[PDB]
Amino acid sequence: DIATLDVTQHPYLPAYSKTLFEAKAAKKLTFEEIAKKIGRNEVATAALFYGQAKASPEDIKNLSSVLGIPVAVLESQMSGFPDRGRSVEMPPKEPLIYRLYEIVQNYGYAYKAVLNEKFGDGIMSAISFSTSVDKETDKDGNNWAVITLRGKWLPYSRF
């Protein structure tokens, strides 16, 4: 049971999102398999499919191969640079993504306070950054999602 895309309900994504997701659906591939094939993490590979990351030339050749899309089709639809941020309309209505938003809402200042006392005045980068999703089962049989955010600490300049 694999993630698919229906652009009837999901506007403003790049044309290649449809192209990639349609080939993904035809071949019944998971993002884990595609990720492995392109040498990028699962989340980043899915982010790429939603228009939220940039395909290197190697990614383009690797996707063409595993998805069965001719390279020239990807080179022309996946050219230039990502125009990030249109995939999620805020505030999020999708329940799973809403919970992530809720976490920011209820822990924002808590995270800021802790980060500030650990690092000082600055931010955790969302650019010089990686993230991953893991699945875990505990001893009682409960399942847990573990999302890790790892971003570079950037102090505010002094000028």
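A residue's number is simply how far along the shown sequence it sits, counting from 1.
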>> Regarding 23-31 and 120-128, which shows the higher C-alpha temperature factor on average in the entry?
In response: 23-31
>> Mean Cα B factor from the PDB record: higher for 53-61, or higher for 99-107?
In response: 53-61
>> Is residue 151 in the lowest, middle or highest third of its chain when residues are ranked by C-alpha B-factor?
In response: lowest
>> Please say which third, lowest, middle or highest, residue 48 falls into when its CA temperature factor is compared across its chain.
In response: lowest
>> Lowest, middle or highest third: which one holds residue 93 when the chain's residues are ordered by CA B-factor from the entry?
In response: middle
>> Using only modelled residues of the chain, where does the Cα B factor of residue 133 rank: lowest third, middle third or highest third?
In response: middle
